[PDB]
Amino acid sequence: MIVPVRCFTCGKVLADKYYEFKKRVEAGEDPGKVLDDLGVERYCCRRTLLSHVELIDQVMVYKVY
Amino acid sequence: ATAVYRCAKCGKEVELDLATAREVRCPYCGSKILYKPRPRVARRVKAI
Amino acid sequence: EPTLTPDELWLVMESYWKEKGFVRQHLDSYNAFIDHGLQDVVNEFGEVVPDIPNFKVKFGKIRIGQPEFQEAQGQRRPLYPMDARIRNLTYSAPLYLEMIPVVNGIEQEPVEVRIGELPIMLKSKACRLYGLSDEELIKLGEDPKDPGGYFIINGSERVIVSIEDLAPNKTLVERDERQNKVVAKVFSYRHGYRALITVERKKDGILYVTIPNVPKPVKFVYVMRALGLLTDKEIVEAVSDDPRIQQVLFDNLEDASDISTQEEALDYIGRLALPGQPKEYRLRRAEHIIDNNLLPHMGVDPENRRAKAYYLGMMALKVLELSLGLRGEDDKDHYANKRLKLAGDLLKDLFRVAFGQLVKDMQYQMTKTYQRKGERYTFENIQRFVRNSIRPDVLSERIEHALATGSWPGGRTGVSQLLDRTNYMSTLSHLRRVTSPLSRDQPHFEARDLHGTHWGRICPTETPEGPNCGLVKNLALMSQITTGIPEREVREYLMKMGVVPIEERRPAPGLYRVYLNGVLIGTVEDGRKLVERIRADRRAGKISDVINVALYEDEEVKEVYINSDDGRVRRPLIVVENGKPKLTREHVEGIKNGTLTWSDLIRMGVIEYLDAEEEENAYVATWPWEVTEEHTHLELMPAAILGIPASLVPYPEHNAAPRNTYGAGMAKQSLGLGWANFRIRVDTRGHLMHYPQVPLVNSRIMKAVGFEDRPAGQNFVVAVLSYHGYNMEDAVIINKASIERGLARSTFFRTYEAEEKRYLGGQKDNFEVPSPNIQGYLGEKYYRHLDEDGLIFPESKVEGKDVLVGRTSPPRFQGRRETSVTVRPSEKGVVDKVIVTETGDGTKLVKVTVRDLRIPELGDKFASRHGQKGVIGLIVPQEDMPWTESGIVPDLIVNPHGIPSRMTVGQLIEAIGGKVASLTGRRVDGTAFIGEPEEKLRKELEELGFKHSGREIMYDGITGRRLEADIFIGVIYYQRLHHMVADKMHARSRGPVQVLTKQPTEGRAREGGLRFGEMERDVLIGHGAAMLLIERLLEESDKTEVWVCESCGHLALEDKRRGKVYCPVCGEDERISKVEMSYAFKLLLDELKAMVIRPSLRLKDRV
DNA sequence: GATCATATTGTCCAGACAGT
DNA sequence: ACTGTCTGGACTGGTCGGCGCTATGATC
Ligand SMILES: [Zn+2]
Ligand SMILES: [Zn+2]
Ligand SMILES: [Zn+2]
């Protein structure tokens, strides 16, 4: 539901640059170039960033207490 | 043996005694479903 | 003009799925049942006549209110599905039926009295969630992506699986090879009652008629004479006028010439039904049997009896032609002869049964009230008298119970099942599920196998395994189910179009017969012209799209069929005229712009719904570039023939059919964020993936279905390589660092419920920590997590047999009993939430949801989307795992032996596509038959700087040397299943035993044992291990000692008070011996003695 | 209001049996 | 002595998990 902190393969941190990547993707730019300029070169980290979908915003609306 | 409870919908604190409760509900909004609040005693969770 | 592209057709299909949805059959069927089905049932029942002289009560209009619930105090409040689920309440709405008393033939003032509560389908027209936006559903605790279409009974979601039954009031003909006879059967329906009327012709040429509740098949001529026809000529042209048919009829009535009058045939029927009875009693019994059993769908009055003979004649021809080769045998599995009973029809039947029982209960109530109080109190206030003589719950407890246990009236069972909530895919699959009335153990070679009429209606791959294979299917993505329309309007339209009525013109060989819903209505001179005119009118929007017309033009017989009933599964097809499809680029542009909807496209006749009967006259083109002048239709989406879970498989055409079936079946067993409101849900078992991911190689339909919003798996960097033999035999090897980094991490939630039930005499349960002085005290440390109110604190670590809700029960026949709800002995975790509310009776109800972190380990089942499944064989550290020259360490390692044996090339294509998508950043389309070509994927992989085959140079993680072979490594979507080793490990040494057989209990929840079945005993005998078998079956299961009398072999009685052992049947206070045997053998001896059988145990010395 | 007797009587293979 | 017909019985094992049901119309 939230972006993982590190890549599952090598442990490279990706949560810092995920929201910038998502914002640039919504602007219409090619996600490959966005990943390239963000330092995400290995396709395992690219797998982690691309395949992740944000869902925590739809879980926060259901309060539990 | 009365205790404080949290409402499911409004979320405000609801106070009632379950031992001698003729009916358990939130008087503020009429909701009949309540949540038991988490205790403030510190709990320790192992990181992975 | 261009010949269109599959992208435009995909856009049209997406618009179709957006407009209608995926649970449209349930919602439409329930809406039809609500709008008129209740009214139809009420009008069918009509009125109730109690035992009151010159008085009756008739039924008026029946309406249904908003879903509301009345508490124990008496307050009526609006009810929501989340509240019903949490508080274990049935989501139902009151039914108000107005009653008009009739006194001396004068109608009185109508009385509106609630007759019960009817359960409400989720997201239906009568539901509170109808028309609500996503924000409104969120504010009510409901997932906006939830499709609805199910029922909530006692807080549990219930889904009505559709039933694939035979077409009602339709005669199907087949030949029995073993019996050497031609048999035709019709399942006539009347008010929920089904009668199987059979007409057969044996080797002797005679015709027999089988009627239910009749023990022997009687002659067709006898029933034909008893049905109203007297002379032989009447039976002669009641069937046909073909000379061969006439000669067969002459032979039949010559053989059956012994009976000439109606009374003799009725006497024969009554004698066969009830032998040894007076003649007039047999006569009236036979008359009632003929009226209420012989084709009830034609009516029950004797006036239509003659017409029933006509319906007999059309049966006889169907028997005769197949016996003479004029016509062929129709397929029983053909979907033109198969209907789909949806939730609406079953709800109508259940409501009819419940309303009939309520009517009889009300009749008894008014009879009793009139007999007790008298005429003065009855007629002084007729409004209050009728209202007080009604018990609504009597109806309600018949409806919801049938929706609770799944048992339907009439012997039908399994209609309603628990809705699958494993993930997003399972719920949709269950809501689009079709079962069959055939037995699961029966080998149905002609029924379980896939049929050619299942194209576009039944998913060809997504079927269960084992005995459920074939008999349980899923609706296709393009499958559409018809909604009922008034048949009288269709019949009037057909008559006004030029169809001569049957009663006006007799059937002729040169005339085209016209059938309406399986009933012959007349003949026309030009059947083809009539069919073309009907199709043109349907395309012009003059008539509804429900009507489907087909023409059967054989050299012998010619027929026209018009179908406008329920249960017909149809598919949308683009109409093609003169080699040009009706769908143009302008229609696609209007669909994309939003100005045109799917219903608009149906209105202009560009795309039409075709059932199995009409499609027999259609010539469909698979692709837009394959259309010719002879083609009559164009396929919208060839990939839409698959089901919802089957479309999850990327490139299913590159995989074997059993592999695709396994992948579709295991898509429902995966774990992920199925629902956004999972935390507030009170499901008894649930799973959550910590970091779910949408697959990089996904079909475009999954975006429209909603799987991308609710993923149920993760993308795994899988390298196909043999690693130390721990991936052998379908096993997989996982990376320790990947698991520690959160890959495939899951949480399992279990919900326990405790109710403060109230017993007779004012005794009730109490929610408090039990005192140590009372009996049944589990232990001091077991209540350490309880509060002063007897409820567990949230976020508290718990273990096996840990007390969650402290409950005390009143003693049976002493101190209060202990009935605390505890965690399962083999389960643990952390208490996630505690909910306190009340049930329908006002008693307190506490639901505790406990969550356990499930880190992947050995034995955890992981499956690919192509049927490749296996448990984790080893948790290999990252330093020991191999790595490629590009610096990629695989997250999973699979054996290379499993890939080619199961013919799974789609897995390799998906790996290539996943690597390409990761490297390029653009998602790779994996849709069936329109996906990205494999060669193109290899081309872009080459252009990206990698090998075309996907192989990479890898170095060993232990030795550090380069591997001599280039290892194929790519991104494959691997999903974790719910078959975790945590919930599957069972270990019992000793514990509870059954009260009957003194044997270990069943299952794992009650610390049961493991069954040593008959086969295990057989192989132990084959091994020659006598003492091992003795230790297993006897010394460890039910070992016991008994006293046996040597004089007669009876079981001696031992008295502890007297302290002596003696045989009561015999005496013999001395010759008694102790024998060691199984308690099951003692139970068998007791059963034999109860069955009046005396077993005499002749004892022998051990040496 | 709180109790209480009664609560209805699918196929296929193999062995035994009237019929000719 | 043959022949079709009526009647009777069985339909692989095991396991995980859930759902749900086992009263009522008179009587004082
Ligand atoms: Zn990485
Ligand atoms: Zn509240
Ligand atoms: Zn004895």
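Residue numbers begin at 1 in each chain, while the letters A, B, ... track the order of the sequences. All values below come from the heavy atoms of this structure, side chains included, with hydrogens, waters and symmetry mates left out.
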(request) Whole angstrom is fine here: how far is it from CG in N88(C) over to P in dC19(E)? (result) 9 Å
(message) With a 4.0 Å cut-off on N to O distance, would you call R391(C) and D393(C) a salt bridge?
(response) no
(message) Below the 4.0 Å mark, does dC19(E) have OP1 or OP2 next to a side-chain nitrogen or oxygen of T405(C)?
(response) no
(request) On DNA chain E, check which nucleotide each of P217(C) and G1009(C) is closest to and give me the residue with the more 5' one. (result) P217(C)
(request) Identify whether the distance between the nearest side-chain nitrogen and carboxylate oxygen of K869(C) and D730(C) falls below 4.0 Å. (result) no
(message) Measuring from the side chain of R158(C) (C-beta onward, heavy atoms only), which nucleotide among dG18(E), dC19(E), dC11(E) has the closest atom?
(response) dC19(E)
(request) May I ask you to verify if any side-chain N or O of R391(C) is less than 4.0 angstrom from the OP1 or OP2 atom of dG25(E)? (result) yes
(request) Verify the contact: side-chain N or O of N154(C) to OP1 or OP2 of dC21(E), cut-off strictly under 4.0 Å; return yes or no. (result) yes
(request) Report yes if the base rings of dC11(E) and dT12(E) sit with centres under 5.5 Å apart and an interplanar angle under 30°; otherwise report no. (result) no
(request) Scan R824(C) against the nucleic acid and name what it touches under 4.0 Å (heavy atoms): base, sugar-phosphate only, or nothing. (result) sugar-phosphate
(request) Would you classify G406(C) as touching base, sugar-phosphate or nothing, given that sugar-phosphate means primed atoms plus P, OP1 and OP2, and contacts are heavy atoms under 4.0 Å? (result) nothing
(message) As a test of reading the structure: which of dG14(E), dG13(E), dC11(E) is closest to the side chain of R1011(C), going by heavy atoms?
(response) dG14(E)
(request) State the sugar conformation of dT7(E) as north or south, using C1'-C2'-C3'-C4' as the deciding torsion. (result) south
(request) Please state how far atom CZ in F151(C) lies from atom P in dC19(E), giving the value in whole angstrom units. (result) 19 Å
(request) Tell me whether the sugar of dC11(E) sits north or south, going by the sign of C1'-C2'-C3'-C4' (positive is north, negative is south). (result) north
(message) If the test is side chain to side chain donor-acceptor pair (under 3.5 Å), which one of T751(C), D832(C), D683(C) qualifies with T849(C)?
(response) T751(C)
(message) I need the CZ-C1' distance between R685(C) and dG17(E), as an integer number of Å.
(response) 5 Å
(request) Kindly check the sign of the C1'-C2'-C3'-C4' torsion at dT15(E) and name the resulting pucker, north or south. (result) north
(message) If you only use heavy atoms from C-beta on, which nucleotide in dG20(E), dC19(E), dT15(E) is closest to the side chain of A404(C)?
(response) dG20(E)
(message) How many whole angstroms separate atom NZ of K984(C) from atom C1' of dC16(E)?
(response) 7 Å
(message) Between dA18(D) and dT15(E), how far apart are the two P atoms, rounded to whole Å?
(response) 47 Å
(request) Find the distance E1014(C):CD to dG14(E):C1' and express it as a whole number of Å. (result) 13 Å
(message) Please report the distance, rounded to the nearest Å, between CZ in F748(C) and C1' in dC16(E).
(response) 11 Å
(message) Assess, by modelled atom type and distance only, whether the side chains of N252(C) and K219(C) contain a donor and an acceptor separated by less than 3.5 Å.
(response) no
(message) Among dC19(E), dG13(E), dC16(E), which nucleotide has an atom closest to any side-chain atom of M1015(C)?
(response) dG13(E)
(request) Return no unless some side-chain N or O of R178(C) is found under 4.0 Å from OP1 or OP2 of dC12(D). (result) yes
(request) If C1'-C2'-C3'-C4' is positive it's north, if negative it's south, so which is the sugar of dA23(E)? (result) south
(message) So that I can tick it off, tell me whether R854(C) and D852(C) are bridged by a salt bridge, with the cut-off set at under 4.0 angstrom between side-chain N and carboxylate O.
(response) yes
(request) Could you tell me whether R440(C) contacts a base, only the sugar-phosphate backbone, or nothing, with contacts defined as non-hydrogen atoms closer than 4.0 Å? (result) nothing
(request) Between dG20(E), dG14(E), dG10(D), spot the one nearest the side chain of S156(C), thanks. (result) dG20(E)
(request) Please state how far atom CG in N423(C) lies from atom P in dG17(E), giving the value in whole angstrom units. (result) 19 Å
(message) OP1 or OP2 of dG17(E) versus the side-chain N and O atoms of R1004(C): is any pair under 4.0 Å?
(response) yes
(message) By nearest heavy atom, map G155(C) and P467(C) onto DNA chain E; which one lands nearer the 5' end?
(response) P467(C)
(request) Could you tell me whether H401(C) contacts a base, only the sugar-phosphate backbone, or nothing, with contacts defined as non-hydrogen atoms closer than 4.0 Å? (result) sugar-phosphate
(request) Write down the distance between CD (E827(C)) and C1' (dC16(E)), rounded to a whole number of angstrom. (result) 11 Å
(request) With heavy atoms under 4.0 Å as the rule, sort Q365(C) into base, sugar-phosphate or nothing. (result) nothing
(message) Please give the distance between the P atoms of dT24(E) and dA7(D) as a whole number of Å.
(response) 16 Å
(message) Dot-bracket for DNA chain D, please. Rules: Watson-Crick or G-U, both distances under 3.5 Å, ( ) within the strand, [ ] when a pair crosses earlier ones, | for another strand, . otherwise.
(response) ||||||...|||||||||||
(message) Side chains of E164(C) and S436(C) only: does a donor on one sit below 3.5 Å from an acceptor on the other?
(response) yes
(message) What's the closest nucleotide to the side chain of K202(C) if the choices are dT15(E), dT5(E), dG13(E)?
(response) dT5(E)
(request) Please check if any side-chain donor atom of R1006(C) sits under 3.5 Å from a side-chain acceptor atom of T1001(C), or the reverse. (result) no
(request) Taking only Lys NZ, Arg NE, NH1 and NH2, and the carboxylate oxygens of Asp or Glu, determine whether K332(C) and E174(C) approach each other closer than 4.0 Å. (result) no
(message) Which label fits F678(C) and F749(C): parallel for a plane angle under 30°, tilted from 30 to 60°, or perpendicular past 60°?
(response) tilted
(request) In plain terms, say whether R824(C) and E799(C) are close enough for a salt bridge, that is, a side-chain N and a carboxylate O under 4.0 Å apart. (result) no
(message) So for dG4(E), where does the sugar sit by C1'-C2'-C3'-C4', north or south?
(response) south
(request) Please state whether the phosphate of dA26(E), meaning OP1 or OP2, lies under 4.0 angstrom from any side-chain nitrogen or oxygen of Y364(C). (result) yes
(request) Indicate, with a heavy-atom threshold strictly under 4.0 Å, whether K216(C) touches base, sugar-phosphate, or nothing. (result) sugar-phosphate
